[PDB]
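Below you'll find only one chain, the form deposited in one PDB entry, shown as C-alpha cells.
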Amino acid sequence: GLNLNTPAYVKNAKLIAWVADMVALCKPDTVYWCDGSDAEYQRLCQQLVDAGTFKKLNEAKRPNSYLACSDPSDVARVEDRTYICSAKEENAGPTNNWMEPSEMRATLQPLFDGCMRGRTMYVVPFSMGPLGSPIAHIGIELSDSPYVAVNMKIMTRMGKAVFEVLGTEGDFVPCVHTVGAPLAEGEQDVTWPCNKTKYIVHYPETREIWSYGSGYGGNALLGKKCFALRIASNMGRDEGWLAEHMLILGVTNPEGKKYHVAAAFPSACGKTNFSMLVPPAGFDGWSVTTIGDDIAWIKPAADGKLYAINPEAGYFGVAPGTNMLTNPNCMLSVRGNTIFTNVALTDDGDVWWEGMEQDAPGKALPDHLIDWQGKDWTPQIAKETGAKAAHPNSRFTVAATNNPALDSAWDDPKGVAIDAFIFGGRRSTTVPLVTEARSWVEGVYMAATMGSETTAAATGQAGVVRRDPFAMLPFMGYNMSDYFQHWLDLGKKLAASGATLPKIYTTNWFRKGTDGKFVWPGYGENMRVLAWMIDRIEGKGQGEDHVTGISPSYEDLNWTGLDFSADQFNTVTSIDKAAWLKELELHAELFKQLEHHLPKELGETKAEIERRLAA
C-alpha cells in the first residue's frame, strides 16, 4: 500500500490498519501525521497562505492571526444533509434524518473512492476532555483540509501526545473528512475547495463519522458537533451521562460564595456573550468566569450533585455583533493568535465586522473594506443595498486561554457542580424574561417544548420559529423522546440521594417591540436576572406564582445603574393568556410528532398549564 509515513510514536496496530484502509479508499497523493506543535501550526498556516486560503493579518494590529474566506455555498451547517444512521429508524427519531446504514454505506463509498486524489491526507489525533483524564475520549480525524488541521489544533487537544494515551490497545472514534474536490494532475486548485453535494453521516453502533463536501465549521471540525454531541449523546445514554449544548459559567457574589450554571441556548442565541458576562453597574464585588461556551458533558455523583466539564479547548464563536459593550472579554480574547473566517478586511490589514462600529469615533462605519466575497464595500454601498461586510455566520477561532475571564477550573477533569440549569430560545413574543420551574418534571417540560427563531448558523430561512428541544434539535444523537426520558430518569436518581435538585429556569432576552427592536437591553444587564437566580438558589429570593412557574417582581431585582421602569418590566414579565394558549397548541403538535416513547409526564404537565390558563 501507500507509504503512510507512520511516526515511531504510533504504537496502536488497529489504528494504523484503519488509516491504511482509509488511504486505500480515498487515495490521497501523500499522508501527513499532525504532531500538534506550534512549529507545525505555523508551517500549515504558511501553507494556507501560499494556497490563497489564508491572508495573514497585519502583525502590528492582530499578532499571529489569519483571515479565511469561504465559497458562498459553504458558510454554515447543512442540517438537511446531516444523518443519524442507526440500525433501526426508531433510534434516529423524528428530529433526525435517517437512512438504512447499508444503504448509506453504498451511497458514500463511490463519493469517498478517490476523493483525495491530488491532495494530502492529514491525520489529526485529538482528545475531547483533558489529556489522559478519566473522562476524556480520543478521536482521529483524517482530512484533506489543512484549514481543518489548524482549527482542530485550537479547538481540541491535538497531536502526538494523544498516542501516549492511546498506547497499543486504546480505542478511538474514527472520523473521515473530505472537501470532495479531487484534483487532476496539473489542475489548478481553488482557495476554498468544497462540493455542492454534502453529507455529514453518523453510524452510532460503530461510532463512525463520515463528512463529505464541506470545509466549514461544525460540518468539518468533527470533534465538536459530530463527536462531542451526536456520538457522545449515544454514549452517555448507555453509560449514565449527558452531552449537552450548554455553556458553563462560574459566578461569585460579594460574600464570596461561588455557584455554577449551565445554560442551553440555541446556535447564535447568546451563549458566548453570557458565558463571558461582565457584571454591570450596581454589581460591585461580583465576578463571572468561563468554563465553556458551547458543549458540556455532565454526570451525577454519589453525593447527589451533577458535575459538568467542557470537553473543547477553544471558542468557535459568531463574530458579528461582538464589541466592547456586548462582549469585551471576547474582544480581548481575539486580540491575537486567532483565525477569522468570512469577516471583512480593512485597508490596514486588520479585520472588521458589523457591530465593531459601536466602539468607533462617532460610531461610524469604516470608509472602505474588502468584504468576505472580495468585493469593495463602503458605507454608501451598505446604506443603499444593505450589503454585509462580514457574513452573518462569520467566525473567530481562538484558544480558551486567551479569555481574560477563564475560570481556573476550566480544564479540571473533576468538573464543577451545577447549581442551576437555564434554557432559552430566541422568541420575539410570548416567553417572559425569566421563570423558575416548580419541579424537575416541569423543568424538563420547559426544556422539551422550547421554541426559537432560526439563525444564520445553519442554511435556510432565518427568523422562523421552530421547536428546538434543549437547544439540541440539530445535535441529538438518538430519538428525542428517549432523551426526554433520560432527563426525567436523571432527576429521579439525584432525588433518591436526599439532595435538593438543581433548579431549572427559562429565559428570553429577545422580546421585540412594535419597531422590531429588543425591549430588554440584555448583554451585561442579563446579570440582573442571573443574580435573582443566585438569590433563589440561596433561598433568599422572593417570587410570584405565574402560569408557567415562579417569576420575580420588580422589587426582587437590583436596578442600580440601569434606567428600566416598572412598566417596561411588566411588559417583559406579563404572562399573556392568549399567546400561551397558542403556544400550548404548538406543544401538542410537537407531542404528536414525538408520540413514540414520549414520557407521560409531559402530557400531564401540559394539562396542568392548560388548567392554569383557563382559570
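Each residue number is its position in the shown sequence, starting from 1. Take the two forms, find the largest set of C-alpha atoms that superpose within 1.5 Å, and that set is the rigid core.
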- Query: Of the other PDB entries compared that resolve residues on either side of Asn403, does at least a third omit it?
  - Reply: no
- Query: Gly218: absent from a third or more of the other PDB entries compared?
  - Reply: no
- Would you mind comparing 467-475 and 491-499 for me and telling me which has the higher average C-alpha temperature factor in the entry? 491-499
- Query: Would 118-126 or 102-110 have the larger average of its C-alpha temperature factors, as given in the entry?
  - Reply: 102-110
- Message: Given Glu141, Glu90, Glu436, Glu244, identify the residue with the highest C-alpha B factor in the PDB entry.
- Response: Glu90
- Item | Out of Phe163, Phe423, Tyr203, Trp353, highest CA B-factor residue | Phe163
- Message: Split into thirds by Cα B-factor across the chain's modelled residues, where does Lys61 land: lowest, middle or highest?
- Response: highest
- Determine, from the deposited record, the chain-internal third of the Cα B-factor for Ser551: lowest, middle or highest. lowest
- Message: Please say which third, lowest, middle or highest, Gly304 falls into when its CA temperature factor is compared across its chain.
- Response: highest
- Task: Could you look up the Cα B-factor of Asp29 in the entry and say which third of the chain it sits in: lowest, middle or highest?
- Result: highest
- Chain-wide C-alpha B factor ranking for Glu525, given as lowest, middle or highest third: middle
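The same protein also has a form deposited in another entry, omitted here; what follows describes it.
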- Upon rigid core superposition, which of the listed residues (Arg105, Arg511, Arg81, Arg237) is displaced by 2 angstroms or more at its Cα between this form and the one not shown? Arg511
- After the core is matched up, is the C-alpha of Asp38 off by 2 Å or more between this form and the one not shown? no
- Item | Large Cα shift (2 Å or above) at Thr430 between this form and the one not shown, core-fitted | yes
- Item | Residue shift check between this form and the one not shown, rigid core fit, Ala60 Cα at least 2 Å | no
